[PDB]
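Participant: Provided herewith is a single structure, encoded as structure tokens, for subsequent inquiry.
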Amino acid sequence: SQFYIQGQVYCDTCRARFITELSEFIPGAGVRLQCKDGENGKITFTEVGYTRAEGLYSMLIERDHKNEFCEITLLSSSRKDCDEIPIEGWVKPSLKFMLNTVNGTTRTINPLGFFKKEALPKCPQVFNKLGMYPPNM
Amino acid sequence: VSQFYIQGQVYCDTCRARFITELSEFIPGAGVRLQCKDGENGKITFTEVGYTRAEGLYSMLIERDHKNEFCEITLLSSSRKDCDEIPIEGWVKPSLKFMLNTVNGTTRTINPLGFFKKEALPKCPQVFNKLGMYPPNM
Ligand code: NI
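This is how it looks when you write it as structure tokens:
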């Protein structure tokens, strides 16, 4: 009946703002789940979740907040070399989704990463394996 | 006059992962729309369109001088109908938001944009496990 949402928090090891073979996971990371409504454009509820092993965070949504606009936001990191939240120009990197499932099956959300201060030196090797021009904005 | 170029890449998200993987494939001839703004809610300073050459790489021209302008790059067209779906994040179309402060005669590289291939490919589950991550379904 309820909604099970799963997600992971990685340390963006290479400052790629996505997840590579060099990325590492963060347990004890801060994550905010927030939802809005259509009839008001307003809030509906807010819950804070924390990541366990493999950076997995989990949250159970009762169906009183059924099918509403929801976005996730990074809050805290267990790790000071990876304490920076990468902004995309002028916005915090949200992770928008809408609250729906069938057969009650868990919905796994895309991951979110914290930026490291010093990019690893083996990163040019990684972007080269994915054959992309390394981002430097 | 100044001349400042910002280039990105367009890839076919073969695994429908909303990020680029070892089995992603770039799209040459894809379409990209750039648009800058006075501010977060100001008026647009301009809007240009570029297309991707080899390796899905597109080069955008900034003929002017611009500082602290609110720009974002959006997907426009694909040259491959096997990979033409633009992914949705629940209710917004994705974009590359950045603030423009040009410097003459140089190039800045931004993050890639992906088109969704309708059928994932048969060992995409194995790439997610290479990365130690649970396969997303959003
Ligand atoms: Ni409630």
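Chains as they are written, first to last, in full-length UniProt numbering: chain E, 9 to 145; chain V, 8 to 145. All C-beta atoms in this analysis are idealised placements derived from N, C-alpha and C, irrespective of residue type, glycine included.
May I ask you to check if the CB of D72 (chain E) is nearer than 6 Å to at least one heavy atom of the ligand NI?
Facilitator: Yes - the ligand NI has a heavy atom lying nearer than 6 Å to the Cβ of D72 (chain E).
Participant: Whose Cβ in chain A lies nearer than 8 Å to the Cβ of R40 (chain E)?
Facilitator: The structure shown contains no chain A; the protein chains it does contain are E and V.
Participant: When you compare only the Cα positions, how much space is there between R23 (chain V) and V8 (chain V)?
Facilitator: Using only the alpha carbons, I get a separation of about 42 Å.
Participant: Please find out if some non-hydrogen atom of the ligand NI comes closer than 6 Å to the beta-carbon of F33 (chain E).
Facilitator: It does not: the Cβ of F33 (chain E) is nowhere closer than 6 Å to a heavy atom of the ligand NI.
Participant: So if I threshold CB-CB distances at 8 Å, which residues from the segment 98-128 of chain V count as touching chain E?
Facilitator: Hits within the stretch, in order: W98, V99, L103, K104, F105, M106, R115, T116, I117, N118 and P119.
Participant: Compute every distance between the C-beta of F122 (chain E) and the non-hydrogen atoms of the ligand NI, then say whether any falls below 6 Å.
Facilitator: Outside the cutoff, so no.
Participant: Which of the three DSSP states, helix, strand or coil, is assigned to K104 (chain V)?
Facilitator: Strand.
Participant: Let's test the definition: count the other Cβ atoms within 10 Å of the Cβ of residue 146 (chain E) and tell me whether it reaches 16, buried, or not, exposed.
Facilitator: Any question about residue 146 (chain E) goes unanswered here, given that chain E covers just 9 to 145.
Participant: Can you look up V134 (chain V) in the DSSP assignment and give me helix, strand or coil?
Facilitator: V134 (chain V) falls in the helix class under three-state DSSP.
Participant: Does the beta-carbon of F53 (chain V), which I'm using as the reference point, lie nearer than 6 Å to any heavy atom of the ligand NI?
Facilitator: No; taking the cut-off as 6 Å, the Cβ of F53 (chain V) has no heavy atom of the ligand NI nearer than that.
Participant: Compare the C-beta of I27 (chain E) against all C-beta atoms of chain V and say whether one is closer than 7 Å.
Facilitator: Closer than 7 Å to some Cβ of chain V, the Cβ of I27 (chain E) qualifies, so yes.
Participant: Hey, how far is the Cα of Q10 (chain E) from the Cα of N108 (chain E)?
Facilitator: Going from the Cα of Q10 (chain E) to the Cα of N108 (chain E) covers about 10 Å.
Participant: Indicate whether at least one CB of chain V lies closer than 7 Å to the CB of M67 (chain E).
Facilitator: Not an interface residue.
Participant: Considering only the alpha carbon of each residue, which of E:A127, E:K130 and E:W98 lies closest to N48 (chain V)?
Facilitator: Measuring from the Cα of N48 (chain V), the nearest candidate turns out to be E:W98.
Participant: Would you decide whether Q16 (chain V) is buried or exposed? Buried here means 16 or more other CB atoms lie within 10 Å of its CB.
Facilitator: Counting Cβ neighbours within 10 Å, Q16 (chain V) comes out buried, since at least 16 surround it.
Participant: Can you tell me the Cα-Cα spacing of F33 (chain V) and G63 (chain E), whole angstroms?
Facilitator: Approximately 30 Å between the Cα atoms of the pair.
Participant: Kindly confirm or deny that the segment 35-52 of chain V and the segment 134-141 of chain V touch, where touching means at least three C-beta pairs closer than 8 Å.
Facilitator: Touching, no.
Participant: If we define contact as Cβ-Cβ less than 7 Å, is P143 (chain E) a contact residue for chain V?
Facilitator: Answer yes: the Cβ-Cβ gap between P143 (chain E) and chain V drops below 7 Å somewhere.
Participant: Give, in chain order, every residue of the segment 66-91 of chain E whose Cβ lies closer than 9 Å to some Cβ of chain V.
Facilitator: Listed by position along the chain: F77, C78 and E79.
Participant: Would DSSP call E62 (chain E) helix, strand or coil?
Facilitator: Three-state DSSP puts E62 (chain E) in a helix.
Participant: Classify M67 (chain V): buried if its beta carbon has 16 or more other beta carbons within 10 angstroms, exposed otherwise.
Facilitator: Result: buried.
Participant: Let me make sure I understand the geometry here. Which of E:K130, E:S86, E:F123 and E:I69 has the alpha-carbon closest to that of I95 (chain E)?
Facilitator: The option with the nearest alpha carbon to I95 (chain E) is E:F123.
Participant: Nearest to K74 (chain V) by alpha carbon, out of V:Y58, V:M106 and V:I93?
Facilitator: Minimum Cα distance to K74 (chain V) is reached at V:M106.
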